[PDB]
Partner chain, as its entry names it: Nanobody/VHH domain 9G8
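A lone chain, given as structure tokens: the form deposited without its partner chain.
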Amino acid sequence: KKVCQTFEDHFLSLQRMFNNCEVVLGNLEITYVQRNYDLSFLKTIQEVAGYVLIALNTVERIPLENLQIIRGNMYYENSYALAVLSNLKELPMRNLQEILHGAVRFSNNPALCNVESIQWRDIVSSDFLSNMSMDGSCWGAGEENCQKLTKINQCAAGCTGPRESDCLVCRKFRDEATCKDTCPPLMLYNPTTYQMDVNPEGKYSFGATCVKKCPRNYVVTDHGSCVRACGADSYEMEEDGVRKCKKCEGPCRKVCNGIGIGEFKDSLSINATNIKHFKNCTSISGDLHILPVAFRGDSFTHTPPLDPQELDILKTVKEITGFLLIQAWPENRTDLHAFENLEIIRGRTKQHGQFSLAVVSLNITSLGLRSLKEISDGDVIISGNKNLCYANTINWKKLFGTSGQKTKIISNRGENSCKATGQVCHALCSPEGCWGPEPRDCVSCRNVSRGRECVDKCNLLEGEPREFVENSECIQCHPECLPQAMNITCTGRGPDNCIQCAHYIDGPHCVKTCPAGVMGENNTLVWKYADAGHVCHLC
């Protein structure tokens, strides 16, 4: 079954999107149709996975003869699946036998006839609470268009035999012929491996039927469903023949254009006009200048003065293709807290052709750019910052990528004064340097690293999180790994690299509970019990 996602223009667009449509994945909205312009523009539709909004319809007859069940994955306003109102004499909704989720709205249809006698109790299921059916089993058109009463367990509309292999429209999903309560699970549990495994027989979900691979431009989501596009919290990434909707690593890539290229081609600084076009943005393509005229405000550019609290919109920028020049920052903030999350300033375009990160003439105590790792092309100048201290400590050769990259860290607070004032890097920071005054803002660590923080020693023997040192990093053990005091409590990450288990242990793995009821091989549920030794034994 093919699937689909002025008065004349509306009619043309709707006839274009719904002509061949057989199952409507979104909501079929039939609104604003002029008189005597509809001719079988949508007749074969058989399941609309959403709401049918047939409102303000001047045409006399909207056939929709074959729509069998309108899913109701949405609603019109609230519990509103079929919205026929404010239109239309004949609507022979002959085939619509169940609207699973939602209700039917009748109002402002003086011309609609023979539909008030449709036994809508069969059509709607348990959502009669908002069933405003106020505006003999027959949907109109004389005879042969009868309501076909059938209701007044994987079959929705009706049955063509006492077999789940032959049913009109399946309630939840349909693998190939039989109506299943759910898709064949993507990952299958094998007691041999004691872990979930990709099931060859499993199929991803495309709407109301189960599909081994999602055709066209459909991306597999986390829940196995193949949505048209990834959600806001996910990104599109291809690993196999079908792409998957991988969850975003914090703010996902939203390439914006910076000041100088694009809509901000002629903008001067990151003005109050420019800002809020960069909200939730990462990998800004172009420069990202913050000149003082941003904070003063400008009249010949007619841009209101920038409130300092809005510069925190730029905290999401995790990469810059051009240059990052921060030539004035709010005087009440002690560290460049807007650019804390920057990772690479690739610097393809440079300010005056030279500098790729210039922090000139600000009053910040510490540069506070803890996360910057590569400043690829241009130089880096940090000057004038008359209160900047923990600055020269970081080894400027390590981050920059091309050997000609320089640094002109000048005219900042003197090193002798920086140390005399008690402003030196915390002890838990390797001799590489430190971005500020705190342990988190350290270039590299002496011993361990509990995330960004550089701790004195991983909780190898004593601690609440019970780290296990790895590649000079503290990695929280899996919660099932109970802390052991005589030795380390976990050799490595995961549930199968820990000595003592707080909960039961299933094979090599330690889990909260033994696997019970989980889908396993041969489409058979698996249940496991625990012995006195917290070992999970297969039943």
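Residue numbers count along the first chain shown, from 1.
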{"item": "Unmodelled stretch of the deposited sequence separating residue 87 from residue 88, binned as none, 1 to 3, 4 to 9 or 10 or more", "value": "4 to 9"}
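Here the subject shifts to the form solved in complex with its partner chain, a form of this protein not shown in this document.
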{"query": "Among 332-340, 311-319, 458-466, 89-97, the region lying within 4.5 Å of its partner chain in the deposited bound form by heavy atom distance", "finding": "311-319"}
{"query": "Heavy atom within 4.5 Å of its partner chain in the deposited bound form - the one residue of 447, 376, 79, 423 that qualifies", "finding": "376"}
{"query": "Candidate from 276, 398, 452, 216 lying within 4.5 Å of its partner chain in the deposited bound form - any heavy atom", "finding": "398"}
{"query": "Heavy atom of residue 212 within 4.5 Å of its partner chain in the deposited bound form", "finding": "no"}
{"query": "Heavy atom of residue 236 within 4.5 Å of its partner chain in the deposited bound form", "finding": "yes"}
{"query": "Distance check, residue 365 to its partner chain in the deposited bound form, heavy atom within 4.5 Å", "finding": "no"}
{"query": "Residue contact check: residue 168 to its partner chain in the deposited bound form, 4.5 Å heavy atom", "finding": "no"}
{"query": "Within 337-357, the residues that have a heavy atom no more than 4.5 Å from its partner chain in the deposited bound form", "finding": "343, 344, 346, 348"}
